[PDB]
Trainee: 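Below you will find the structure I want to go over with you.
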Amino acid sequence: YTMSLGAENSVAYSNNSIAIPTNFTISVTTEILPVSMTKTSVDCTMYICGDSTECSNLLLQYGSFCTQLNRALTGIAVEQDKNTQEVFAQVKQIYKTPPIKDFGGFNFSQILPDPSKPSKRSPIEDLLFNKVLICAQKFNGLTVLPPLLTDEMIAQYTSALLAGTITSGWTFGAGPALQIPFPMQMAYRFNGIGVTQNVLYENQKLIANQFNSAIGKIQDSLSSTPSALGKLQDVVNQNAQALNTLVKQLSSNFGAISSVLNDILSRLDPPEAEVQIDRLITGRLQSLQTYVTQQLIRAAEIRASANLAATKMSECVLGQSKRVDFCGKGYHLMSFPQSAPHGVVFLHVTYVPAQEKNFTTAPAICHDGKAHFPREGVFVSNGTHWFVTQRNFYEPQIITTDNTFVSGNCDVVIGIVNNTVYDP
Amino acid sequence: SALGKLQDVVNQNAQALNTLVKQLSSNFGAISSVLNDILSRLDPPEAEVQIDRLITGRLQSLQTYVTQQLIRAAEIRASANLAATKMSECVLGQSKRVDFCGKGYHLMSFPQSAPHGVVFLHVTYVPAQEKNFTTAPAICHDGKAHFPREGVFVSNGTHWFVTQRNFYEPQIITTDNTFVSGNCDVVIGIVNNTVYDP
Amino acid sequence: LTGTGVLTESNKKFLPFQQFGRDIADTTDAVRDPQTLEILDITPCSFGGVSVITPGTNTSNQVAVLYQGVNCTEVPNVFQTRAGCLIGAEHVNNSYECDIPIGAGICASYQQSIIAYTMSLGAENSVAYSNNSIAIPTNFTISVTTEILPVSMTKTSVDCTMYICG
Ligand SMILES: *[C@@H]1O[C@H](CO)[C@@H](O[C@@H]2O[C@H](CO)[C@@H](O)[C@H](O)[C@H]2NC(C)=O)[C@H](O)[C@H]1NC(C)=O
Ligand SMILES: *[C@@H]1O[C@H](CO)[C@@H](O[C@@H]2O[C@H](CO)[C@@H](O)[C@H](O)[C@H]2NC(C)=O)[C@H](O)[C@H]1NC(C)=O
Ligand SMILES: *[C@@H]1O[C@H](CO)[C@@H](O[C@@H]2O[C@H](CO)[C@@H](O)[C@H](O)[C@H]2NC(C)=O)[C@H](O)[C@H]1NC(C)=O
Ligand SMILES: *[C@@H]1O[C@H](CO)[C@@H](O[C@@H]2O[C@H](CO)[C@@H](O)[C@H](O)[C@H]2NC(C)=O)[C@H](O)[C@H]1NC(C)=O
Ligand SMILES: *[C@@H]1O[C@H](CO)[C@@H](O[C@@H]2O[C@H](CO)[C@@H](O)[C@H](O)[C@H]2NC(C)=O)[C@H](O)[C@H]1NC(C)=O
Ligand SMILES: *[C@@H]1O[C@H](CO)[C@@H](O[C@@H]2O[C@H](CO)[C@@H](O)[C@H](O)[C@H]2NC(C)=O)[C@H](O)[C@H]1NC(C)=O
Ligand SMILES: *[C@@H]1O[C@H](CO)[C@@H](O[C@@H]2O[C@H](CO)[C@@H](O)[C@H](O)[C@H]2NC(C)=O)[C@H](O)[C@H]1NC(C)=O
Ligand SMILES: *[C@@H]1O[C@H](CO)[C@@H](O)[C@H](O)[C@H]1NC(C)=O
Ligand SMILES: *[C@@H]1O[C@H](CO)[C@@H](O)[C@H](O)[C@H]1NC(C)=O
Ligand SMILES: *[C@@H]1O[C@H](CO)[C@@H](O)[C@H](O)[C@H]1NC(C)=O
Ligand SMILES: *[C@@H]1O[C@H](CO)[C@@H](O)[C@H](O)[C@H]1NC(C)=O
Ligand SMILES: *[C@@H]1O[C@H](CO)[C@@H](O)[C@H](O)[C@H]1NC(C)=O
Ligand SMILES: *[C@@H]1O[C@H](CO)[C@@H](O)[C@H](O)[C@H]1NC(C)=O
Ligand SMILES: *[C@@H]1O[C@H](CO)[C@@H](O)[C@H](O)[C@H]1NC(C)=O
Ligand SMILES: *[C@@H]1O[C@H](CO)[C@@H](O)[C@H](O)[C@H]1NC(C)=O
C-alpha cells in the first residue's frame with residue numbers, strides 16, 4: 001500500500017478562539033542510546049602469520065602496517081572507555097537516598113537499586129540487562145578487553161545521579177548538592193515549564209499517581225516488547241558479524257594452494273612457499289585493513305551517540321531543558337538515567353496537555369479607555385464572563401490591576417474588547 | 001599536560017606522516033625499495049614486475065593514509081562544530097544548558113586562540129556556603145493559601161521569610177511577593193503564619 | 001595435519017567416519033588419533049597481549065606488566081584480575097581515584113612502588129533529605145573553567161605520482 005503519513009487533523013483556527021488545557025498527564029518516554037562498543041584487539045602478526053617465522057619475516061617487507069593497525073584498534077578501545085566515562089562519570093560525589101523513601105507520594109522503587117540481590121541494580125535495569133563463540137574468535141589472536149567501568153560501577157553511577165536528582169534536584173549538577181523536598185522540586189520544574197506551583201500542589205496526589213503509573217507502563221513495555229532495545233542489540237550484532245567475517249577470511253585461499261599456512265610450510269620449500277605465503281599475506285592484510293576501517297567508522301558513530309548521551313545526561317538529568325523534543329516528547333520536567341549493556345536508557349518525565357476546551361480570546365481589554373494586557377497569562381471568555389488564566393493550564397481568575405499592565409489606549413490594539421478591570 | 005587535546009592531534013598527524021614516509025623504505029616483495037636502483041639495474045621485462053610490486057605497496061600505504069586522514073578529519077569537523085556552537089551559545093549569549101558552558105550556572109565565556117584550536121574560559125556562578133532551613137509549600141494566613149511568586153518560604157526555626165531560590169536573602173512575607181490560589185485544606189504541608197499587607 | 005597447541009581429552013561425540021573437527025571459526029579444534037581411536041581437543045597454546053604499566057621516566061624506572069586475558073599459572077606481587085595477570089604491582093584494599101587504567105574496575109598508580117586497586121567512583125555524600133528542609137546558599141564563588149577544543153588539522157597534501165613514482 002501507499003503508506004499513510006498520519007491521521008488528518010484540521011485545526012479550528014479563528015482570530016478569536018484559543019484552546020487551553022484543563023487537565024494534564026505525566027508521560028514517561030524511553031530513549032535508548034549506545035554509549036560504548038566492544039573493545040576488540042587483534043595481533044596483526046598473529047592473525048596473518050600465526051606461529052610462523054617465515055611468514056613473519058615476509059611480513060616485515062610491508063613495513064609498519066601491523067603497527068598502525070594495532071594503534072588504530074588501541075585508539076578505538078581508549079575511545080570506548082572515554083565514551084563511558086563521559087556519559088556516566090558526571091557526578092563528583094556518590095549520593096545515596098535516605099532509608100525512609102517518603103517522597104510526597106512519588107514512588108521510585110522501579111528505578112532505584114534493590115539490595116536484595118548480589119548486584120545492586122534496579123528492576124528496570126535488570127530487564128535491560130536480561131533482554132540484551134568467544135573461544136572460536138579468541139583462538140586466532142582476536143582478544144576482547146574488559147571495560148574499565150564494570151556493570152556494578154555503571155549501576156553505582158546511575159544510582160548516585162538518581163539519588164542526587166531525587167534529593168537535590170538540579171543543584172548537584174552546578175555545585176554542592178542542596179537538599180530539597182521533592183514536591184517543591186517538582187514545583188520548580190512546573191515553574192520552569194510555565195505552570196504555577198498551585199497546580200502541582202492542589203493535584204499532588206493525582207500527579208504522583210500518574211507518575212507511578214507511567215513508570216509501571218515502562219516496566220510492562222520493556223517486559224513485553226522484544227524489539228525495544230534494538231539500538232543496542234544492533235551494535236552488538238554488527239560487532240559480532242565484523243569479528244565473524246574477519247575470522248572467516250582466514251579460510252580463504254586468495255589464490256594460494258591452501259588457506260592453511262602450516263600445510264604450505266609442511267609441503268613446500270622457501271622458493272615456492274614464499275610465493276604462496278605472499279598471496280596469503282596480501283589477502284589477510286586486506287581483510288584486516290577492511291575490518292579496522294569498518295571499526296573506525298563504527299567507532300566514530302558510537303562516539304557521536306555517546307556525545308549525544310553525555311549531552312542528554314547533563315541537560316536532561318542534571319537540569320531541566322527547554323529544548324523541544326531533546327528530553328522526550330512533551331514539556332520536559334525531569335529525566336532518570338538507567339544503565340544498559342553498552343549503553344544508557346533515559347526515562348524522560350514530561351508534562352503533556354490532556355483535556356481540551358475552546359475559549360474566546362482577545363489581545364487586550366479596554367476598561368477606562370486604557371489598554372490592559374495580561375502579565376503572565378491570556379484573557380479568555382467562556383461566552384459571558386472574561387477571566388485571565390495561565391497559558392498552559394486553565395485556571396480562570398478575576399481580572400485585576402495586579403495581574404495586568406497598561407500601555408497605550410484602546411484605539412491601537414486590533415481585537416480589543418470592552419470589559420471591567422477591578423482594583424481591590 | 002593541560003593542553004593534551006591539541007598536542008594529541010598534532011602528534012597523531014605527525015605519526016601519520018612519519019608512517020607514510022617510512023613506508024617508502026619497504027620492499028613489498030621487490031628486490032629493492034629504491035626505484036632508481038631497480039631502473040638502473042634492470043631492463044623493462046623485469047623492471048616492470050619489480051615496479052608493479054612497489055606501486056602496489058606504495059598505493060596501499062597512501063590509501064591507508066588518506067582513509068585515516070578522512071576519519072580523523074571527520075572527528076576534527078565534529079569538534080569544530082562543537083566549538084562553533086559553544087562560541088555562539090557561550091560567548092555571544094548566556095546558556096541555560098547544564099554543563100555545556102562550564103560546570104556551574106553559566107554567566108559568560110571568553111574565547112582564546114590556541115594552536116589549531118580554541119580555549120574557552122567559562123565564568124560560572126557556583127553556590128558556596130550552606131545553611132539548613134525549614135520550608136513549607138504554602139502559608140495559611142486567613143484561610144487562603146499563599147504561594148511565593150519568585151522564591152521559596154523558609155524558616156530559621158522561629159520566623160518565616162520568603163527568599164530567592166539561589167541566594168539566601170530573607171524578606172518579610174507580604175502580599176506583593178506572594179499570590180493566592182485556593183484554601184488551606186488542599187495543600188499538603190501548609191503552615192500557619194502571618195502575611196503582612198503594607 | 002600440523003600445528004602447535006595443547007591436546008586434551010575430548011567429550012565430543014564424533015561419528016565413526018569423522019577424522020578431525022572444526023570450531024565455529026572454521027579452524028581445526030579436534031583430531032582423531034591415527035593409532036588409537038581417541039578424540040582429542042586441540043586448544044591453542046596460551047597467548048595474549050603484553051602491556052607495560054609505568055609512571056613516567058621523570059619519576060621512576062619501575063614498571064608493572066599486564067598479561068591480558070592470561071592466567072597467573074601460565075606466565076612463567078602477582079595479582080590475578082579479570083583483565084589478566086598483573087605482575088609487579090602490589091594489590092591493596094584501599095580504593096583511590098583512577099590514575100593508570102588496568103581494566104575491569106582496576107587502576108594502578110605509583111605511590112614508593114606501583115600499586116593496583118579497585119578505583120573509587122568518588123566520595124560518598126548522603127544528602128540530608130526530609131520533607132520540610134531546604135538548603136539555600138548564603139554566599140557564592142565565581143569560577144572560571146578551561147575547556148580546550150580542537151578546531152583544525154594540519155593541511156597536508158601528497159602528490160600521488162610523486163610519492164609512488166618519483
Ligand atoms: C484529570 O485526568 C485524570 C486522569 O489523567 C483524572 O483522573 C481519573 O478520574 C476518573 C474520574 O472520572 C477516575 O475514574 C480515574 O480512576 C482517574 N484516574 C486517575 C489516574 O486518577 C482526573 O479526574 C481529571 N481531572 C479533571 C478535573 O478532569
Ligand atoms: C512502590 O512501587 C512498588 C512497585 O512499583 C510497590 O510494590 C508492589 O506493592 C504491591 C502491594 O499492593 C504488591 O502487590 C506488588 O507485588 C509490589 N511489587 C513489587 C515489584 O514489589 C510498592 O508497594 C510501592 N510503594 C508504595 C509505598 O506504594
Ligand atoms: C462563565 O463563568 C462564570 C463564573 O463561574 C459563570 O457565572 C456563574 O454561573 C453559575 C451558573 O452555574 C452561577 O451559579 C454563578 O452565580 C455565576 N457566577 C457569577 C459571578 O456570575 C458563567 O455562568 C459562565 N458562563 C458560561 C457560559 O459558562
Ligand atoms: C467599547 O466601548 C466604547 C465606548 O466605551 C465603544 O465606543 C463607541 O463606539 C460607537 C461606534 O463608533 C460610537 O457610536 C459610540 O459613541 C462610542 N462610545 C463612546 C462613549 O464614544 C466601542 O465601540 C466598544 N467596542 C466594542 C468592540 O464593543
Ligand atoms: C530568625 O530571624 C529573626 C529575624 O532576624 C530573628 O529575630 C531577631 O533576633 C535577634 C536576636 O539576635 C533580635 O535582636 C531581634 O530583635 C529579632 N528581630 C525580630 C523582628 O524579632 C530570630 O532570632 C531568628 N531566629 C533564629 C532561631 O535564628
Ligand atoms: C493552622 O491553623 C488552624 C486554625 O486557624 C488550625 O485548625 C485547628 O485545628 C484543630 C485540630 O483539628 C481544631 O481543634 C481547631 O478547632 C482548628 N481551629 C479552628 C479555628 O477551627 C490548624 O490545625 C493549624 N495547622 C497547623 C499545622 O498548626
Ligand atoms: C563570601 O565568601 C568570600 C570568599 O569567597 C568571603 O571573603 C573572604 O572573607 C574572609 C573573612 O574571614 C577574608 O579573610 C577573606 O580574605 C575574604 N576573601 C575574599 C576573596 O574576599 C566573604 O566574606 C563571604 N561572605 C559572607 C557573608 O560569608
Ligand atoms: C472547538 O470548536 C471547533 C469548531 O470550530 C470544534 O471542531 C472543536 O471540537 C472544539 N474544541 C473543543 C475542545 O470543544
Ligand atoms: C474575526 O473574524 C471574523 C470572521 O470570522 C470577522 O467577522 C471579525 O471582524 C474578525 N475580528 C477582528 C477583530 O478582526
Ligand atoms: C543540615 O542537617 C543535617 C542533619 O540531617 C546535617 O548533616 C547537615 O550538615 C546540615 N547542613 C548544614 C549546612 O548545617
Ligand atoms: C514530614 O516527615 C515527618 C517524619 O520525619 C512526619 O512526622 C511529618 O508528619 C511529615 N509532614 C508532612 C506534612 O507530611
Ligand atoms: C594401529 O591402528 C589400528 C587402526 O584401527 C588400531 O586398531 C590398532 O590398535 C593400532 N595399533 C597400535 C599398536 O597402536
Ligand atoms: C622532571 O625532572 C626534572 C629533572 O630532569 C625536574 O627538574 C622536574 O622538576 C621534574 N618534573 C616533575 C613533574 O617531576
Ligand atoms: C587459573 O587457573 C586455576 C587453576 O590452578 C583456576 O582455579 C583459576 O580459576 C584460573 N583463573 C582464570 C582467570 O582462568
Ligand atoms: C583485604 O581484606 C581481606 C579481609 O576481609 C583480606 O582477607 C585480604 O587479604 C585483603 N587484601 C589485601 C590485598 O590486603
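Convention: sequence-line order gives letters A, B, ...; per-chain numbering from 1.
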Trainee: Would you say B:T124's side chain and B:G102's backbone share a donor-acceptor pair under 3.5 angstrom?
Mentor: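 Checked: no pair found.
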Trainee: Mind checking whether B:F179 and A:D402 have side chains closer than 4.5 Å, heavy atoms only?
Mentor: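 The answer is no; the side chains never approach within 4.5 Å.
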Trainee: With side-chain contact (heavy atoms from CB on, under 4.5 Å) as the criterion, how do A:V378 and A:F359 come out once you've worked through the C-alpha distance, each side chain's angles and the decisive distance to 0.1 Å?
Mentor: CA-CA 11 Å; A:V378 294; A:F359 297 102; over 6 Å; no
Trainee: Check A:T360, A:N16, A:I365, A:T361 against A:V417 for a side chain to side chain contact (heavy atoms under 4.5 Å, CB included) and give me the one that passes.
Mentor: A:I365
Trainee: Taking the ring centre of each residue, are A:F103 and C:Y129 less than 6.0 Å apart?
Mentor: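 Distance test on ring centres: under 6.0 Å, yes.
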Trainee: Any sub-3.5 Å donor-acceptor pair from B:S79's side-chain atoms to C:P150's backbone N or O?
Mentor: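 Looks like yes, one N/O pair under 3.5 Å.
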Trainee: Check the pair A:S321, A:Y331 against side chain to side chain donor-acceptor pair (under 3.5 Å), reporting the backbone distance first and the verdict last.
Mentor: CA-CA 9 Å; A:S321 181; A:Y331 296 100; over 6 Å; no
Trainee: If you apply the rule side chain to side chain donor-acceptor pair (under 3.5 Å), what do you find for A:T29 with A:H348, and how did you get there?
Mentor: CA-CA 5 Å; A:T29 295; A:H348 300 295; over 6 Å; no
Trainee: Check the surroundings of atom CD1 in A:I297: do more than 12 heavy atoms from other residues, nucleotides or ligands lie under 6.0 Å from it?
Mentor: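 Check passes, neighbour count above 12.
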Trainee: Show your reasoning for whether side-chain contact (heavy atoms from CB on, under 4.5 Å) applies to A:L333 and A:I26.
Mentor: CA-CA 9 Å; A:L333 291 172; A:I26 303 302; 4.1 Å; yes
Trainee: Less than 4.5 Å apart, any side-chain heavy atom of A:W170 and any of A:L318?
Mentor: no
Trainee: Is there a side-chain contact between A:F106 and A:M186, using heavy atoms and a 4.5 Å cut-off?
Mentor: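 A side-chain contact under 4.5 Å exists here.
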Trainee: Determine, stepwise, if the pair A:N83 / A:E79 fulfils side chain to side chain donor-acceptor pair (under 3.5 Å).
Mentor: CA-CA 6 Å; A:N83 285 340; A:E79 184 179 72; 4.8 Å; no
Trainee: Identify the two heavy atoms, one from A:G330 and one from A:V352, that lie closest to each other, and give their separation to 0.1 Å.
Mentor: CA-CG2, 4.4 Å
Trainee: Would you say that A:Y157 contacts A:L162 through its side chain, given a criterion of any heavy-atom pair below 4.5 Å between the two side chains?
Mentor: no
Trainee: Roughly how far, to the nearest 0.5 Å, is the CG atom of A:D151 from the CD atom of A:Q156?
Mentor: 11.5 Å
Trainee: Do side-chain atoms of A:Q390 reach the backbone of A:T196 as a donor and acceptor pair under 3.5 angstrom?
Mentor: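 The answer is yes, because a donor-acceptor pair under 3.5 Å joins these two groups.
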Trainee: Please name the pair of heavy atoms, one in B:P137 and one in B:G189, separated by the smallest distance, quoted to 0.1 Å.
Mentor: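 Between these two residues, the closest heavy atoms are CD-O, 3.3 Å.
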Trainee: If we ignore hydrogens and angles and just use 3.5 Å, is the side chain of A:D368 paired with the main-chain N or O of A:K370 as donor and acceptor?
Mentor: no
Trainee: Give me the atom names and distance for the closest heavy-atom approach of A:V199 to A:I207.
Mentor: O-CD1, 4.2 Å
Trainee: Say whether A:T389 and A:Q397, considering side chains only, have a donor N or O and an acceptor N or O under 3.5 Å apart.
Mentor: no
Trainee: At their closest point, which heavy atom of A:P123 faces which heavy atom of A:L112, and how far apart are they?
Mentor: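 Taking every non-hydrogen atom into account, CD-O, 4.1 Å.
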Trainee: Rounded to the nearest 0.5 Å, what separation is found between the NE2 atom of A:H367 and the OG1 atom of A:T401?
Mentor: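 A:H367 NE2 to A:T401 OG1: 9.0 Å, rounded to 0.5 Å.
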Trainee: Go through the steps for A:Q338 and A:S122 under the test side chain to side chain donor-acceptor pair (under 3.5 Å), then give the verdict.
Mentor: CA-CA 8 Å; A:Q338 297 281 270; A:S122 71; 3.0 Å; yes
Trainee: Between the side chain of A:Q197 and the main-chain N/O of B:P148, is any donor-acceptor distance below 3.5 Å?
Mentor: yes
Trainee: Indicate yes or no: at least one non-hydrogen side-chain atom of A:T30 is less than 4.5 angstrom from one of A:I218.
Mentor: yes
Trainee: Return the set of residues passing ring-ring contact (aromatic ring centres under 6.0 Å, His included) with A:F393 (not counting sequence neighbours), or none when no residue passes.
Mentor: A:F24
Trainee: Between A:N212 (side chain) and A:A208 (backbone), is there a donor-acceptor pair under 3.5 Å?
Mentor: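 Yes, A:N212 side chain to A:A208 backbone: donor-acceptor pair under 3.5 Å.
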Trainee: Kindly indicate, with the supporting measurements, whether the criterion side-chain contact (heavy atoms from CB on, under 4.5 Å) is fulfilled by A:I32 and A:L232.
Mentor: CA-CA 8 Å; A:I32 304 174; A:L232 299 178; 3.8 Å; yes
Trainee: In Å, rounded to the nearest 0.5 Å, how long is the span from NZ of A:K131 to OG1 of A:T225?
Mentor: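 Rounded to the nearest 0.5 Å, the NZ-OG1 separation comes to 6.0 Å.
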Trainee: Within a 6.0 Å radius of atom CD on B:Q94, are there more than 12 heavy atoms belonging to other residues, nucleotides or ligands?
Mentor: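 Correct, the count exceeds 12.
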Trainee: Are A:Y201 and B:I188 close enough that some pair of their side-chain heavy atoms sits under 4.5 Å apart?
Mentor: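 Not touching, per the 4.5 Å side-chain cut-off.
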Trainee: Please determine if A:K312 forms a cation-pi arrangement with A:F326, meaning its NZ or CZ atom is less than 6.0 Å from the six-membered ring centre and no more than 45° off the ring axis.
Mentor: yes
Trainee: In Å and rounded to the nearest 0.5 Å, what is the CD1 to OG distance from A:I124 to A:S339?
Mentor: 13.0 Å
Trainee: Aromatic contact between A:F336 and A:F346, with the criterion being ring centroids under 6.0 Å apart: yes or no?
Mentor: no
Trainee: Could you pull out the closest heavy-atom pair between A:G319 and A:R189, with the gap in Å?
Mentor: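 Distance-wise, the nearest heavy atoms are O-NH1, 3.6 Å.
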Trainee: Looking at A:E86 and A:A310, what are the two nearest heavy atoms and their distance?
Mentor: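 Residues A:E86 and A:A310, closest heavy atoms: O-CB, 3.7 Å.
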Trainee: Would a distance-only check, ignoring hydrogens and angles, find a side-chain to backbone donor-acceptor pair under 3.5 Å from A:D220 to A:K217?
Mentor: no
Trainee: Return the orientation label for the A:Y351 and A:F190 ring planes: parallel under 30°, perpendicular over 60°, tilted otherwise.
Mentor: perpendicular
Trainee: For the pair A:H372 and A:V388, evaluate side-chain contact (heavy atoms from CB on, under 4.5 Å) and give the outcome as yes or no after the intermediate values.
Mentor: CA-CA 11 Å; A:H372 290 69; A:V388 58; over 6 Å; no
Trainee: Using side-chain heavy atoms (C-beta onward) and a distance below 4.5 Å, is A:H332 in contact with A:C316?
Mentor: yes
Trainee: Please identify which of these residues, A:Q80, A:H342, A:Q295, meets the side chain to side chain contact (heavy atoms under 4.5 Å, CB included) condition with A:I302.
Mentor: A:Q80
Trainee: Measuring only between side-chain heavy atoms, which start at C-beta, is A:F129 closer than 4.5 Å to A:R121?
Mentor: yes
Trainee: Hey, is the main chain of A:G169 close enough, under 3.5 Å, to the side chain of A:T165 for a donor-acceptor pair?
Mentor: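 Checked: no pair found.
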Trainee: Between CD1 of A:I166 and NZ of A:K101, what distance do you get to the nearest 0.5 Å?
Mentor: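 If we round to the nearest 0.5 Å, A:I166:CD1 and A:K101:NZ are 9.5 Å apart.
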Trainee: Can a donor-acceptor pair be found, under 3.5 Å and without considering hydrogens, that links the side chain of A:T171 to the backbone of A:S168?
Mentor: yes
Trainee: Is the distance between the ring centroids of A:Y95 and A:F172 less than 6.0 Å?
Mentor: yes
Trainee: Quick check, are the ring centers of A:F379 and A:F373 under 6.0 angstrom apart?
Mentor: no
Trainee: Would you find a donor on one side and an acceptor on the other, under 3.5 Å apart, between the side chain of A:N382 and the backbone of A:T384?
Mentor: yes
Trainee: OG1 of A:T420 to CD1 of A:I398: how many Å apart, nearest 0.5 Å?
Mentor: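 Going from the OG1 atom of A:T420 to the CD1 atom of A:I398 covers 13.0 Å.
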Trainee: Are A:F182 and A:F108 an aromatic pair by the rule of ring centers under 6.0 Å?
Mentor: yes
Trainee: State whether A:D81 and A:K39 are salt-bridged, where the test is any N-O pair (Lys NZ or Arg NE/NH1/NH2 against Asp/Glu carboxylate O) under 4.0 Å.
Mentor: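 Here A:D81 pairs with A:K39 in a salt bridge, since their nearest N and O are under 4.0 Å apart.
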